[PDB]
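Letter by letter, the chains look like this.
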Number of protein chains: 2
Amino acid sequence: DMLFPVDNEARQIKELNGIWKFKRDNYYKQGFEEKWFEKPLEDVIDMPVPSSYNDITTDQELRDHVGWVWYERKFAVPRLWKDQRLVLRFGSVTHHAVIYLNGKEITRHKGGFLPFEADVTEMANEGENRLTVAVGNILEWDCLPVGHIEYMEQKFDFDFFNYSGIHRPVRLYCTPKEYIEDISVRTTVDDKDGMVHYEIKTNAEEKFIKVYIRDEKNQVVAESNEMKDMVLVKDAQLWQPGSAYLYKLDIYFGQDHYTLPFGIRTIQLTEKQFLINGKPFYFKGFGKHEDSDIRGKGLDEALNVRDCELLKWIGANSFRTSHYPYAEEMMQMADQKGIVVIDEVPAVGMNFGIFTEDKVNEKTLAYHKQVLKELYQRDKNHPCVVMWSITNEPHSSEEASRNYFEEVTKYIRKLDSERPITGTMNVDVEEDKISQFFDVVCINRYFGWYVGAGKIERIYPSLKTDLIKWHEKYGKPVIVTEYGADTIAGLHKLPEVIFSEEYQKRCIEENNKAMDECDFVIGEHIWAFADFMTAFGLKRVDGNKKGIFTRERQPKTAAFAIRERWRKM
Amino acid sequence: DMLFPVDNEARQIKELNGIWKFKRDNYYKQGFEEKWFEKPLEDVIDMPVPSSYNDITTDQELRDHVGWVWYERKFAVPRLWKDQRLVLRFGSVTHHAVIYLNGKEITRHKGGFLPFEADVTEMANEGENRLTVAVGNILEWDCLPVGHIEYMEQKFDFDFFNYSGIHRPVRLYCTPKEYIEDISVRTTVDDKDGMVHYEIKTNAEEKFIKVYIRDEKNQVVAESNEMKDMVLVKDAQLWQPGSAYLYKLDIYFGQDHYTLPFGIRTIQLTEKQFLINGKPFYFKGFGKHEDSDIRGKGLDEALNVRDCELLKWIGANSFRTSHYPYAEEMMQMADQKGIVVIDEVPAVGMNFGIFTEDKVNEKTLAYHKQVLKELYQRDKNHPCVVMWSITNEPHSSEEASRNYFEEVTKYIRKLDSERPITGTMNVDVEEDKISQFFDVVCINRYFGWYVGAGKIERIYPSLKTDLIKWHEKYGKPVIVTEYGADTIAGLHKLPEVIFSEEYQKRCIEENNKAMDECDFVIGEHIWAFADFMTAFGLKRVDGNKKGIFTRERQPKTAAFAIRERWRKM
Ligand SMILES: [Ca+2]
Ligand SMILES: [Ca+2]
């Protein structure tokens, strides 16, 4: 159960963000061994929430910390909340969490990009309470993303910096004691009329319920007293790429009230095309990252609006939540703005034998299924999500990866029968062993950068040849999910050279020429949207510089050429 | 009454931030004349709150908008708030506001940097309500900051971009119907003993009250049943620069409860020293701004923590709120971190005859006193505030300005008899006509930049001479409140040139040599803390580049030489 918290006459949200008190372990698990949670934290600094902690201070030891840190603040339960159900919700804690309330452990969570909560109805006191949160950043072979510890040094083979902290809002909220627990909505369209199938779960299934479907002007277009039903919406306003329309499932249950936005739209994959509402859709966009200056991966809604303005300005129609689920506020924004989304779990870093019993094994596999279940439960009702990505660049040349990903793909297909399934490729087409389980083949190709760096004339023939091989081996439509080139803003050269602004434009141009000659390509996603931070390395100039925009969300030269192309499509 | 809202067993806060709907006027006052507030806004975009609106979109017409824009969202009143007093608070609206609730005007406000509120107990409905806010950015001769309209173009003489929007949190909060309205605290010290003078004002003064003073471990150290009292704090932990201690005035009144943090510390001025708790204090720090990428002047608490970390790293002990009051969050942070603050009113831009019947006149004067009253009411109880600055660089060579600022200084002295009063100078010392009214003389001087650009060897003789003149004319201690040089990060040259990193360092050094030879100098504030945005001009390379740090809060070369000086001082 993970309905996004709401405010109305019956439910209320208390934000617990702001400035917390903060302290890091000075040796491994110092805070657990010394039971720091038993009393208020001492010798602390201020830390903002939501935000990563790595980039806030001037202290390299905190930036490079491996292990656990400790957050604490106080919150109040109002007298007016006397007989309500009380829930403490964490949008995320990266990567591992132990939650304490007034010195007592109340829940734990594993995985840094999905929300979790704890019912504290019978444990919070009226008035002041103390909330203590332990935050661990260690990744092992059974975490997603994958990593491992060497002797303590953290190892991993994904790009982005392993930021840690409380990256999403913390919320204490209240509901009545009999209440709506979960909602699932599915839609179909028969010519001009839409059919809304819904299922509502409550903790008193025998009690009366009233369910409205309201349109965008909030007028009732359908009505029912069933917990599960199938209601017709005549002349349905469809949710379309670039023109969102959102209905509302408005539910009254006893004293409870919940309103759920949703969209009516169909997805159908053909030979060679990706149909949305029966019309072909060509992905134009980026894989993104949750990353900006100072705050690391902290949610920043102002930055989120600026990014959507940028996506609109440049003619993009989609993005992929590259390498982990994003904040729901961004998923909600994509629903409202009509932006098409590929939603991805953090199965990244399964690459360098990786699929062995001592590394990525059945323990990893079972956790991977759990993350997919948690992702599906959070995002199942978003019309913006049109496809699930279950992995980014696994070492899928290994024979052992075949049974691994057949199992993951079949699990996600049972949870959701309506949305296509995918995963992104980096191994050579001849050696790949899993893409036959997918509905769409997604490839990350860096011709002109990681292959034949600087050789502009080799980009077009190399990509076209590889594209044709992927189509011929699997017979499915293809998206190029990553391609591009590192580019230092202000570095100009004539003739162009790698890292120059001119080279990034030409590299992308030549890849685009290959894709334009292939009738089976259904998308191009440039890597990356914006410069972002990476673990330190000699190929990373203060992070990954493949951004079309700088980290401060201003365009490099190539942005203007991309805009001309995407806007005339 | 402007007590900062609090959460406890009796009072509750609902934040109304997030993503609002937004639309600008297409001609002057269009929304007022078409009565847009009467129905939900149509043809809208998303706009984050808190944030400026100017740097969010890709649209030049909005960035440079002159006039009014319109914000709207919905909010809920829960059933559980049924019998409470309901208050809508705006931390600020820049510059002018008209607030509508369910299509009816409920308040207005002039002034972009101080909070205001509206009692909505009788007008808000249970459940859903519609909040509409018109936001105007026009500055006239009786506004602060000062500006004027020409033919529609906005003119002004201050040097920072005229960002507009809802820069600080919007809060709906509840209290009991009989409640604590205002609190004032003054402190004296007697050897090791504090005396806390307090005065509590309520909604029903004949009822009984309980007042505790609590230390930082929450332990009662004094107690009383009076609304107005002095209570002794023996072995009182003093609030010290760089080592803060905050007691809490904990007040119970009927069903109401309010806890006010405060500090015990004294201020005294001699003709050469600024004494805090009897010890000389030398100001080391910066005038700042509320400015960052994307969000303009929007509150960003993660940015505030990073700034305070950088102030600590560089050995700064103070800042001035150039040129307007900052968010209360930043004032609380200064209270907790032991940072000393010069608190400044937005009386900036009274420069180019300025003090004439048609420009800065009796209306400007009366408004100037009003903003000082409002600033005092908000910040009176902050130990971090050691001095009020009533103006920045007025054209105080005009004879007419004498009576103007005698009025202003008399007025603020009536509100606050303990804190020193000042205002910053740019006119020639021989021409000034007001600084005799101040307790400390503050001068903005840019020898090596605006006077004798590039002539390093003339900086030290020029500032020493000017300093001695200011001291000779007024016989008061002197703070140099601004000095420095524009500096493009990455610009290096040997020998150094203006705009280079090396020149900024040498220019500050030579100015510091002059100050080190003047015993009556009690502070040095470099301009600026961080690069910030200005109105467009040929001297402003994408804004003001006098930052010691970049706009993204990283140090230029001069930061490390400043740190060496300030950390060994
Ligand atoms: Ca969230
Ligand atoms: Ca505020």
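By convention in this text, residue numbers begin from 1 on each chain and track the written sequence, not necessarily the entry numbering, and residues missing coordinates are not displayed. As a convention, the first chain written is A and the first ligand written is 1, with the rest following in written order. Just a portion of a larger assembly is displayed, and each value is taken over that portion. By convention in this description, side-chain values take in all heavy atoms of the structure and omit both hydrogens and water.

- In the PDB header, X-ray crystallography is given as the technique by which the entry was determined, and 2.20 Å as its resolution.

**Quick notes on unusual backbone geometry**
Stage number 1. Cis geometry marks the peptide bond from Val49(A) to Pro50(A); its omega dihedral reads 5°.
Stage number 2. Of note, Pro50(A) is situated in the loop between β3 (45–48) and β4 (51–52).
Stage number 3. A positive phi angle, close to 55°, is found at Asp43(B), a residue other than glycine.
Stage number 4. By definition, any uninterrupted DSSP run of H or I lasting at least four residues is a helix, any uninterrupted run of E lasting at least two residues is a strand, and each is numbered from the N terminus. Of note, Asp43(B) is situated in the loop between α1 (30–33) and β3 (45–48).
Stage number 5. Residues other than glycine seldom take positive phi values, yet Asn218(B) does so here, at roughly 80°.
Stage number 6. Here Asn218(B) is to be found in the loop between β17 (209–214) and β18 (220–224).
Stage number 7. Any residue under 20% of the maximum accessible area for its type is buried, any over 50% is exposed, and the rest in between are partly exposed; the area is computed with a 1.4 Å probe on protein chains only. By relative accessible area, which is 33% here, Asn218(B) ends up partly exposed.

**Points about the state of the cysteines**
Stage number 1. Criterion for a disulfide: a pair of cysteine sulfur atoms within 2.5 Å. On inspection of all chains with the given rule, the structure shows zero disulfides over all chains.
Stage number 2. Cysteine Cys174(A) remains unbridged, with the sulfur of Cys174(B) as its closest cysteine sulfur at 11 Å.
Stage number 3. In this structure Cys174(A) comes out as buried when scored by relative accessible area, which is 0%.
Stage number 4. Residue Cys442(A) stays outside any disulfide, its sulfur separated by 15 Å from that of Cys518(A), the closest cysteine.

**Remarks on the relation of the copies chain B and chain A**
Stage number 1. Mapping chain B onto chain A is achieved by rotating through 180° and translating by 0.0 Å along the same axis, at an RMSD of 0.2 Å. With respect to symmetry, the two chain copies, as superposed, fit the operation of a two-fold axis. Closest approach to the rotation axis among the C-alpha atoms of chain B is made by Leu80(B), whose C-alpha sits 2.9 Å away.
Stage number 2. Here 89% of the contact residues of chain B are again contact residues in chain A; the copies associate through an equivalent surface. Copies are aligned with a least-squares fit on their C-alpha atoms. Whether two residues are in contact is decided by their heavy atoms, any of which lying within 4.5 Å being enough.

**Concerning the sheet that holds strand β9 (residues 116–119) of chain B**
Residue and element names in this part refer to chain B.
Stage number 1. With antiparallel pairing, four strands are arranged side by side in an open sheet as β1-β14-β6-β9. The open sheet has two edge strands with one neighbour each: β1 (12–15) and β9. Averaged over all pairs of adjacent strands, the angle between strand axes in this sheet comes to 25°, irrespective of strand direction.
Stage number 2. Bridge analysis of β1 against strand β14 (residues 170–175) gives four bridges, and the strand direction is antiparallel. Each residue of the ladder has a partner; that of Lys 14, found in β14, is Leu 172. Paired strands, in this sense, are two strands between which DSSP finds at least two bridges. For helices, the fitted axis covers only the stretch in contact; all axes are lines through C-alpha atoms, and the angles between them, taken along N-to-C directions, range from 0 to 180 degrees.

**Details of the packing of aromatic side chains**
Stage number 1. To pair, rings of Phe, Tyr and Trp, with the six-membered ring standing in for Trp, must have centres within 6.5 Å; the planes then decide the type, stacked if under 30 degrees apart, edge-to-face if over 60, and tilted in the middle. The tally for this structure, following the rule as stated, stands at 74 aromatic pairs over all chains.
Stage number 2. Centroid distance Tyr245(B) to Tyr247(B): 4.9 Å. Interplanar angle 65°. Geometry classified as edge-to-face. Per residue, the accessibility class of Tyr245(B) equals that of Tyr247(B), and both read buried.
Stage number 3. Ring geometry for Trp313(B) and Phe560(B): centres 5.2 Å apart, planes at 85°, overall edge-to-face.
Stage number 4. On the basis of relative accessible area, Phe560(B) is assigned to the partly exposed category, the value being 43%.
Stage number 5. These aromatic residues form a ring-pair network of at least three members: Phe113(A), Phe156(A), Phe158(A), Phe160(A), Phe319(A), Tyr324(A) and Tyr326(A).
Stage number 6. Looking at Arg214(A), its charged tip hangs above the ring of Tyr212(A), at a distance of 5.3 Å from the centre. Working rule: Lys NZ or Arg CZ, within 6 Å of ring centre, within 35 degrees of ring normal, means a charge sits over the ring.

**Some remarks on the sheet that holds strand β7 (residues 96–101) of chain A**
Adjacent strands of a sheet pair through backbone hydrogen bonds, lying either parallel or antiparallel.
Stage number 1. Read across the open sheet, the six strands follow the order β3-β2-β5-β10-β7-β8 (chain A); overall the sheet is antiparallel. Whereas interior strands pair on both sides, the edge strands pair on one side only; in this sheet they are β3 and β8 (104–110) of chain A. This sheet shows a mean twist of 30° between the axes of neighbouring strands, independent of strand direction.
Stage number 2. Inspection of the sheet shows strand β2 (residues 19–24) of chain A paired to β3(A) by four bridges, in the antiparallel sense. Looking at β3(A), one finds that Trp20(A) is bridged to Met47(A).
Stage number 3. Sheet contacts for helix α3 (residues 301–313) of chain B: β2 and β3 of chain A; angle to β3(A), the most-contacted strand, approximately 150°.

**Some details on the pattern of salt bridges**
Stage number 1. Salt bridges are defined by distance alone: a side-chain nitrogen of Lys or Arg within 4 Å of a carboxyl oxygen of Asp or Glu. The full count for this structure, using the stated rule, is 104 salt bridges over all chains.
Stage number 2. Among the ionic pairs, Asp182(A) bridges to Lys380(A), the shortest N-O distance being 2.9 Å.

**Section: the domain arrangement of chain A**
All names here are of chain A.
Stage number 1. What fixes the domain bounds is an automatic or database domain assignment. Once the domains are mapped, chain A shows domain 1 (12–175), domain 2 (180–268) and domain 3 (269–568).
Stage number 2. Contacts between the two partners involve 22 residues from domain 2, matched on the other side by 32 residues from domain 3.
Stage number 3. In short, buried area is how much 1.4 Å probe accessible area vanishes from two parts on joining, totalled over both. Buried area between domain 2 and domain 3, summed over both chains or domains, comes out near 1900 Å², and the portion from carbon and sulfur atoms is 46%.
Stage number 4. Summed over the three residues of domain 2 that lose the most area to domain 3, namely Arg 186, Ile 267 and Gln 268, the buried surface amounts to 33% of that side.
Stage number 5. Where domain 2 touches domain 3, the interface holds one salt bridge.
Stage number 6. For the side of domain 2 that touches domain 3, the secondary-structure elements that each account for two or more residues are β15 (180–190), β21 (256–262) and β22 (267–269).
Stage number 7. At six residues, the largest contribution of residues to the side of domain 2 that touches domain 3 is made by β15.
Stage number 8. Side-chain classes are defined by residue name, with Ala, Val, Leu, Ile, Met, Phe, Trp, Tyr, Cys and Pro counting as nonpolar, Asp, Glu, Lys and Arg as charged, and the others, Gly among them, as polar. Residue classes in the side of domain 2 that touches domain 3 are distributed as twelve nonpolar, seven polar and three charged.

**Looking at the pairing of β21(A)**
Residue and element names in this part refer to chain A.
Stage number 1. The element β21 is largely enclosed, with a buried count of five among its seven residues.
Stage number 2. Summarising the sheet, strand β20 (residues 247–253) and β21 pair through seven bridges and their orientation is antiparallel. Looking at the pairing, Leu 249 lines up with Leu 260 of β21.
Stage number 3. Between β20 and β21, which pair antiparallel one after the other, the connecting turn spans two residues, and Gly 254 there sits at a positive phi close to 60°.

**Some details on the interface of chain B and chain A**
Stage number 1. Between chain B and chain A, the contact holds 47 residues from the first and 43 residues from the second.
Stage number 2. Summed over both partners, the interface of chain B with chain A buries about 4000 Å², with 55% contributed by carbon and sulfur atoms.
Stage number 3. The largest contributions to the chain B side of the interface with chain A come from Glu9(B), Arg79(B) and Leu80(B), which together make up 15% of the buried area.
Stage number 4. Where chain B packs against chain A, one counts six salt bridges.
Stage number 5. Here a polar contact means two N or O atoms within 3.5 Å. Within protein one must be a hydrogen donor candidate and the other an acceptor candidate, and residues neighboring in sequence count only if both atoms are side-chain atoms. Summed over the shared surface of chain B and chain A, the result is 15 residue pairs in polar contact.

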